[PDB]
Amino acid sequence: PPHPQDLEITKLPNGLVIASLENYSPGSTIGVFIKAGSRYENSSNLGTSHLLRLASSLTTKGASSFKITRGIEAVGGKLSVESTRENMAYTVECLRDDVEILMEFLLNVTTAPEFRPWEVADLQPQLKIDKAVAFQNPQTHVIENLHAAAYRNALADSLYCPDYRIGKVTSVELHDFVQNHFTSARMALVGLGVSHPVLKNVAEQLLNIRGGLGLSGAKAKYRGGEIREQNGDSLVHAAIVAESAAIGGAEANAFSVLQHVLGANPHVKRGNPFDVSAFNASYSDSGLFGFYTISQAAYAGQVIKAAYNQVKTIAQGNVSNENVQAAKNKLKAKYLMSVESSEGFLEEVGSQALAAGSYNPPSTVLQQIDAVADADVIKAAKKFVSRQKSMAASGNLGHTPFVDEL
Amino acid sequence: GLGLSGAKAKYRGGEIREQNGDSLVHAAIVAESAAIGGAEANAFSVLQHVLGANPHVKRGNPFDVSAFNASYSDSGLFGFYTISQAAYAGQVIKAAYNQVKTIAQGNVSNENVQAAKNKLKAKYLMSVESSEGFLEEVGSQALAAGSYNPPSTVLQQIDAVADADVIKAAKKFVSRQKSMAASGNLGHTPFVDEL
Amino acid sequence: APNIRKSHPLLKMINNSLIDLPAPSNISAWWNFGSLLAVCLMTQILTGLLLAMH
Amino acid sequence: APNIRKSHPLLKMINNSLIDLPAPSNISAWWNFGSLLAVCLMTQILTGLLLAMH
Amino acid sequence: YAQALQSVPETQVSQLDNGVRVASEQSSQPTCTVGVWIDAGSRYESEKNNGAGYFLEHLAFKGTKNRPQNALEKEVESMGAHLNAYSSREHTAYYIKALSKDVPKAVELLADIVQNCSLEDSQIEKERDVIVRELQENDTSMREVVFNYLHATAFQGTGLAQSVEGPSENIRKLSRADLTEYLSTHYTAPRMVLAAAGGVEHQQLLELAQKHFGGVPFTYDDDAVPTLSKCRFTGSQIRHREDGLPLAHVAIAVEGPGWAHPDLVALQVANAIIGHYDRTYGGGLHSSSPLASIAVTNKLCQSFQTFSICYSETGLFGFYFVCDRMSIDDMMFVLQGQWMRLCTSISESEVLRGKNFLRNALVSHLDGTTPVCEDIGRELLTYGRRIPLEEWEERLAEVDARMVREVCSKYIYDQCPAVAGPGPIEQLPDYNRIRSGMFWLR
Amino acid sequence: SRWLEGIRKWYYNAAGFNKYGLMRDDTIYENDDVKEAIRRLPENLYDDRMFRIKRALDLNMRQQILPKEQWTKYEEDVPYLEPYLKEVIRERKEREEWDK
Amino acid sequence: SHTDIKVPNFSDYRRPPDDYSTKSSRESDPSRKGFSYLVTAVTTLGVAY
Ligand code: HEM
Ligand code: HEM
């Protein structure tokens with residue numbers, strides 16, 4: 001009729017929040033979000049998260065590695081897994097009633113994973129490449145080391161299994177890793193183009209680990225790190241950050257607005273062909289702010305100090321209540337835009353239904369971004385300049401500075 | 001003639017950790033110092049020995065710990081490397097460290113200094129029996145200085161100083177900025193910011 | 001293997017001597033005699049055998 | 001190559017069929033007949049040829 | 001599902017007294033995306049004109065006479081709107097994505113570009129060297145040079161054979177004039193389409209366009225749309241060899257029917273059967289796509305893709321694989337074997353899925369506003385109107401086995417293909433061989 | 001009336017593959033299934049079997065068996081591969097089915 | 001840059017008279033293959049004899 005049917009959220013007795021939204025699309029997508037991730041690994045067991053991210057298709061108890069892959073395919077389905085340092089979403093798309101048929105596999109994949117010692121022993125060499133291709137983007141390599149120098153304990157763990165550990169993850173570490181993190185209290189059965197009741201009638205079978213909290217990532221301690229990767233690629237990737245942010249923390253929106261209040265500033269402030277942006281990651285119990293700068297070699301120095309000076313003086317009051325309005329209104333856009341494509345949108349409905357258990361409407365989500373301004377942006381930058389910083393870099397570097405040279 | 005010329009070595013408080021789980025950590029800690037030809041040198045050589053039994057005779061479980069010392073042209077290094085069992089690495093590093101620390105706070109009897117002073121004399125005289133190692137000596141000087149300090153004076157120089165320095169050399173260590181390095185599991189190993 | 005013409009112990013012998021066999025492109029017509037010589041032989045042996053039978 | 005018995009196009013054929021050829025250790029005496037059958041053939045062809053000559 | 005399709009709002013369309021076609025799909029989304037899609041590409045260039053359209057693209061944004069660079073950029077950034085675009089061989093477009101609270105503003109911005117680019121004699125000379133560089137970057141992407149070379153030889157000697165960016169000579173020398181000459185010749189209402197999708201309501205759009213697109217046609221030419229010279233396909237090959245590269249690229253293909261033609265559906269369904277592989281998959285058990293399975297069992301390639309790239313009155317139906325110096329042959333062998341299998345002994349169990357996999361694409365083809373707009377923009381421009389998922393459905397919801405065969409074989413069997421291959425390709429057999437790999441020893 | 005159990009034991013001792021010291025499973029002919037099967041076998045067992053099989057070839061090579069004591073007793077024969085070999089076969093029949 | 005590369009002209013040079021752009025190569029070639037195969041069809045034929 002009008003295409004409106006309030007996204008219903010119903011937190012099961014387990015703690016397994018269930019959210020849905022029948023938008024009436026010809027095709028729908030269900031997805032299991034979880035508070036798992038490499039953020040929970042130790043000096044040992046490392047990468048187990050990653051490998052786990054690749055085992056998606058290995059045999060289960062309700063369906064065989066064969067049946068599941070061809071099973072999904074016979075319908076025109078799509079099974080896939082997007083993972084972050086502290087959260088793994090197992091999605092899967094399709095259409096019509098072919099969703100019902102899809103679910104069986106998704107159900108199995110996340111709760112009935114019987115990692116067979118062969119199947120994994122035969123899978124692990126994958127890591128070697130999945131990792132190898134990803135690393136063809138200098139951007140990823142530097143961020144891996146960023147966090148490395150940003151923290152000292154958890155969260156500072158790699159997102160792609162470290163080399164030395166490749167063929168060493170065990171079929172057990174996989175169960176143990178799952179058993180302790182894939183628990184109802186930290187999961188959510190999100191979904192689109194589905195009848196909420198129908199999405200609930202499933203959550204019932206999806207019950208194998210009341211576990212509750214299970215494990216628990218140690219509070220991320222901060223550090224003033226700095227690691228340089230000498231490799232002469234002809235152009236430096238330099239990123240600088242300073243402890244800050246936190247998803248759910250009020251101080252957040254500030255940077256989002258500084259994230260935009262900044263940019264044209266650092267960009268429109270430099271010499272020769274380059275690239276520079278404001279960096280910003282907001283984690284559970286911590287976060288990061290700063291900027292990455294792809295710049296020509298010899299000119300890297302100039303290009304970093306600059307982007308930096310801008311961030312600096314930005315705090316020293318170089319922000320017109322104008323710049324803030326512009327920004328404030330850009331987030332509104334980027335938010336509203338990065339939600340058109342159902343999958344990116346579904347990522348939104350889920351992330352919250354997992355963290356909070358609610359749903360901030362576009363109305364208030366804006367009311368919140370609007371809620372603050374200026375008397376903060378100027379300030380956010382200050383925190384940056386003053387606080388301790390940790391840098392990371394890739395490339396020739398020879399002309400690049402160290403944090404001790406600012 | 002001179003040809004090129006290495007740029008004066010600027011110092012830095014670095015720290016890089018190599019995660020690889022070999023079952024036992026190799027941790028080394030240093031602090032800017034020393035310099036071949038610089039008077040301040042012999043001091044550490046004597047602290048290099050004044051130290052050791054101290055850090056070694058000061059620990060828990062099967063391990064290894066020594067006093068590190070490299071004397072370069074326009075700079076140098078001092079500190080110590082510690083091959084220690086994994087989980088025990090922490091204990092083993094802090095310890096070796098505390099010893100170096102308190103060493104400066106006056107824990108050196110004018111005895112320990114004599115012992116040391118006389119060990120260098122030996123190690124020097126011994127590490128010169130095998131012509132090749134000896135030839136290394138005649139050359140290194142004929143290149144740096146252009147002279148030849150006789151065993152007589154080379155000793156006269158090691159003897160030339162003592163105590164009113166060893167206690168002090170250690171101080172420089174404890175106070176100055178440090179830079180560490182490490183290999184192994186590490187998970188139980190500390191960072192310089194934790195000392 | 002896929003081809004099943006490059007895996008079989010015998011075909012592999014043929015597919016490596018009368019097919020897939022790397023031959024220069026500029027081979028002259030003078031190179032046509034090895035061939036002939038061979039078929040020349042098949043022919044003799046045949047006619048001969050058949051002739052020896054009488 | 002060194003061996004010069006494993007590099008030559010022809011010897012390599014022999015050194016791979018009557019030497020260096022991996023044979024099980026527990027081979028029974030029943031396996032002695034392929035051999036015999038072969039030499040049995042060499043023998044016939046010989047005596048025969050020599051006999052056909054008359 | 002069928003209802004979901006049946007309940008999908010219709011796409012409003014209406015031409016102006018000008019000639020421009022204005023279409024859109026009203027949704028709800030606070031956001032939206034609008035843009036114009038031109039009936040112009042590199043195909044329309046000359047031996048000396050070629051590259052214009054691209055040189056042109058790199059200036060389209062850098063400012064108009066009505067409002068110079070510093071401003072245009074400032075005005076868009078300032079409203080959180082995104083302006084992006086592209087140009088192929090027969091299809092160019094510029095689109096903006098804002099909050100549907102700005103259809104009128106966006107619409108104006110648009111027009112001001114497709115009608116008054118500054119073409120600053122001072123800016124041009126700059127982008128000139130930017131392209132020449134950007135071009136030398138497009139180069140090492142062996143995945144693209146290969147396709148270019150394909151087209152080159154596939155449609156050798158014709159307008160299609162020319163690459164969308166153009167020769168360095170042309171770029172090194174096109175005149176401030178030529179660019180204008182290219183603009184005022186192809187950017188005309190009859191060939192352009194103003195499309196949109198979002199919270200926008202048709203009328204507000206029409207009017208807004210009908211207001212800023214104040215074009216007026218005098219003669220009959222202006223009002224009419226010129227048809228291009230047919231392009232001759234040619235069974236041929238082109239081999240850019242260099243054992244210096246890490247791996248080789250291969251692309252083989254037969255001539256395609258062209259948008260207008262229906263079979264492009266059955267043919268679109270067949271490709272869904274051989275699908276595509278890529279070392280990051282998890283599937284030695286991949287449903288059919290034996291090419292993929294085989295590719296995994298025998299390690300035949302790094303990846304491969306089936307494609308039915310088409311144009312106004314022609315196209316290219318083929319495939320492309322990336323492989324190691326040593327597995328080029330088997331890969332080609334095995335693949336080329338699948339086309340035959342495809343059109344000589346296909347099965348229902350196969351086509352059934354084929355369809356489904358398509359339908360899922362067919363739909364995700366419209367995930368968001370920008371992409372939807374792309375369909376309206378295209379559909380009109382190439383088909384004549386819009387094809388609703390509800391339709392595509394039927395079209396490709398009634399393709400049986402015998403249908404695939406009949407067609408595939410109609411377009412593939414014993415046809416002289418067009419192959420292209422850069423990299424270490426010593427192992428790729430001669431043309432004659434890949435040629436006789438076009439008929440099955442039934 | 002006559003236990004298959006009585007029989008099976010008869011045949012086991014009748015066959016004699018134990019006088020060589022090898023388990024039942026140490027004799028199954030290596031067709032495609034048994035090949036996959038063995039490859040899944042844990043390393044403990046693999047080397048165990050490997051040695052057994054070689055110790056048997058050597059006896060056989062010498063025309064001599066193993067002393068009565070060392071003969072594996074029926075009731076102690078460990079079906080170390082059958083479990084695996086089984087899944088392999090049903091895993092396959094599943095596929096042999098789907099592809100139809 | 002590869003963009004700088006064209007395919008030489010076989011036009012006339014080698015192409016049979018039914019092959020010169022702006023005219024579908026396809027309408028004319030089932031006729032072109034028909035000939036060739038006919039020649040081959042005939043040889044197999046003559047040979048059998
Ligand atoms: C290497 C191929 C051969 C060559 C070079 C060859 C050559 C000849 C020659 C020169 C003749 C004489 C023809 C004449 O009378 O003017 C001949 C005769 C004969 N050859 Fe061969 N021959 C060959 C193989 C064979 C073989 C293998 C057979 C049958 C097993 C055979 C059986 C005979 C017989 C029976 C004659 C006598 C009948 C006759 O001469 O008309 N030939 N051969
Ligand atoms: C495969 C090996 C051979 C077998 C199985 C074989 C068997 C025989 C047999 C059963 C006889 C009959 C002996 C008798 O009269 O009691 C025979 C005779 C004969 N064979 Fe063979 N033969 C073989 C090869 C040859 C060959 C290749 C030649 C010579 C080229 C040959 C030439 C003859 C001749 C001339 C006779 C007649 C003389 C005689 O029978 O004493 N044989 N052969």
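FYI, residue positions are counted from 1 along the chain as it appears here.
Even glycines carry a Cβ here, placed using N, Cα and C.
According to Swiss-Prot, the protein has these features:
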- A:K35: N6-acetyllysine (MOD_RES)
- A:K168: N6-acetyllysine (MOD_RES)
- A:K219: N6-acetyllysine (MOD_RES)
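Shown on the structure are the features that Swiss-Prot records.
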| residue | record | DSSP class |
| --- | --- | --- |
| A:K35 | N6-acetyllysine | coil |
| A:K168 | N6-acetyllysine | helix |
| A:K219 | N6-acetyllysine | coil |
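Here A:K35 (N6-acetyllysine) comes close to A:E86, A:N87, A:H181, A:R186, A:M187, A:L354: these same-chain residues lie at least six apart in sequence, with C-beta atoms under 8 angstroms from its C-beta.
Neighbour counts were taken as the number of other C-beta atoms within 10 angstroms of each residue's C-beta; across the modified residues A:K168, A:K219, the minimum falls on A:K219. The two recorded residues, A:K168 (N6-acetyllysine) and A:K219 (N6-acetyllysine), have Cα atoms 27 Å apart. Among the modified residues A:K35, A:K168, A:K219, none has a Cβ sitting under 8 Å from a Cβ of chain G.
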